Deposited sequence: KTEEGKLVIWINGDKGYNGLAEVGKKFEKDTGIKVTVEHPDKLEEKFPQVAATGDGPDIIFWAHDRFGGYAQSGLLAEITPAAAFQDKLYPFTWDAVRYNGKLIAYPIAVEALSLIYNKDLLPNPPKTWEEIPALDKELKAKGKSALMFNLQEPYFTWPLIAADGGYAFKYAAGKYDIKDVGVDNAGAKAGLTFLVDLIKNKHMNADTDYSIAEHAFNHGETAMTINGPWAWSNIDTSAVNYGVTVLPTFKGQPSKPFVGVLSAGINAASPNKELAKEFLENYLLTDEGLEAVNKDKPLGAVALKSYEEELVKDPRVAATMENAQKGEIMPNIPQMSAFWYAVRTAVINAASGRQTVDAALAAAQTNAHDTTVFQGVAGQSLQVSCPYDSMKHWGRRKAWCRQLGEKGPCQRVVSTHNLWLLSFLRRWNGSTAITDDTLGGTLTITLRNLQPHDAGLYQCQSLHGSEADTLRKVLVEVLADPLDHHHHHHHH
């Protein structure tokens, strides 16, 4: 960052050229240069560089609770008159611990996109896709192609019969109640895997492959968001945007994302960012400039949404959004997505069965795992990992210094042993089996807290597991004569 200018990060699938046009208008009126960038993995780079992060970060709201907890985002305090211009639902997406941590921009949900020439009557159920694919294959076409590398696209099907991320009850999420390995989640993922086994879909289909096949008239349907419509408009394919197919008679339940713009807590340009976001971007003209490049979906700005909702594609986006639910913005969402991404990729490739893939995802979707030990005794912490993925990497055990501090290295593999506070920590790695083991001797309350098992590569560290060490009292420490009769 540099004082007197704005650097913005936004994902490569969004209208970054339209956003740059709003930046050009801001520069024309004020002299302030606005640079819009679309780095790869920007959502993973942001917490590592936020140092030299951007002034503004755009992403769906699900990642922002984690950034806010880490102290990376400035609290936003728009006037009541400004808050009244955006929908209360969109403000709900960006409120964390009672404070607003980003400006909401647009509401997104996946829909079924279909080729009206190949399929004038798209299927209402997922169950009828195998027979439809057989008929289309006889004509050199396929029924459906969509991104199988990101769990966001398969989640509507996994959630349809009962899968869920974190149980919700009266404005709160229970982070201990995860629904990744229930009967409904297994049924949805088994249906997806059966589509691949029967050659109705390919496990390696990604965003680019599905978009190219649909936009070239090779597949009758795709599953995508509003941002994808402008490339289809250019392709001249006669497309429709409609309700996703049902599974076991239940609607598919897409996770609803609210594209949001957070202000970096370390930015010396917070006031410029606020003026740009409130008075340039979040205006009917500003949002239209972005929408014209890549559609936003249902915008957070009431005045513009009242017009956009007349677009049948936007009404279809809201119909699918209403069948699903808003993603939580809680810090625990990252772990949930990483676990489900792994389960889908492994089940689709045949590397794991659906049952084993979802059992591992259920365990790993929990951001932290408690390891309880008794004071004065030894505690063995286990960190399973993918031996192939982490082949050749050294490992580390680090202790989290508060909610916002660094994870401070304790021991690593090749100082693998550390004696401190009359106790000790030793790390051992079974590289063939994929199990990292940390042994804490003479466990005491001073050892309680959050730690990470890590896999190192270059100057980066991958989190293998977050562990909460809990220390039960030594039974002898309460030595007394109990009551008798």
Can you list the gaps, in order, where the deposited sequence has no modelled residues?
1, 52-53, 418-421
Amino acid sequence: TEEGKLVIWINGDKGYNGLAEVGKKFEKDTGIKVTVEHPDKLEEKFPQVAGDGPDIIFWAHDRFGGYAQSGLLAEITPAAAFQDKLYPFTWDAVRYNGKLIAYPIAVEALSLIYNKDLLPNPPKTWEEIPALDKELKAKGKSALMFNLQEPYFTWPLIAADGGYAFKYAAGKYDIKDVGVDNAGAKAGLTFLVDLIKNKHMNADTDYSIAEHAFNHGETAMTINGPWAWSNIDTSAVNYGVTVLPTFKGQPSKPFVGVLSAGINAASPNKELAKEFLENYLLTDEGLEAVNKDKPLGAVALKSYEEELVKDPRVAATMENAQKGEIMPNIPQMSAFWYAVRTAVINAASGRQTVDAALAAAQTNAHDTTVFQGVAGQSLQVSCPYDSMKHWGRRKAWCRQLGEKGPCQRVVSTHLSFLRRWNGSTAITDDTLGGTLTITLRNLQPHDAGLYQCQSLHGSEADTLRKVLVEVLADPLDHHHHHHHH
From here on, numbers count along this sequence of modelled residues.
Quick check: 147-155 versus 201-209, which has the larger average CA B-factor in the record?
201-209
Would you mind comparing 59-67 and 27-35 for me and telling me which has the higher average C-alpha temperature factor in the entry?
27-35
According to the Cα B-factor stored in this entry, which of the following is highest: 88, 286, 262, 312?
312
Out of 318, 81, 281, 398, highest CA B-factor residue:
81
Ranked against its chain, the third holding the CA B-factor of residue 294
middle
Check where residue 103 lands among this chain's C-alpha B-factors and tell me if it's the lowest, middle or highest third.
lowest
Which third of the chain holds residue 95 when residues are ordered by C-alpha B factor: lowest, middle or highest?
lowest
Among the modelled residues of its chain, the C-alpha B-factor of residue 161 falls in the third labelled middle
When the modelled residues of the chain are sorted by Cα temperature factor, does residue 384 land in the lowest, middle or highest third?
lowest
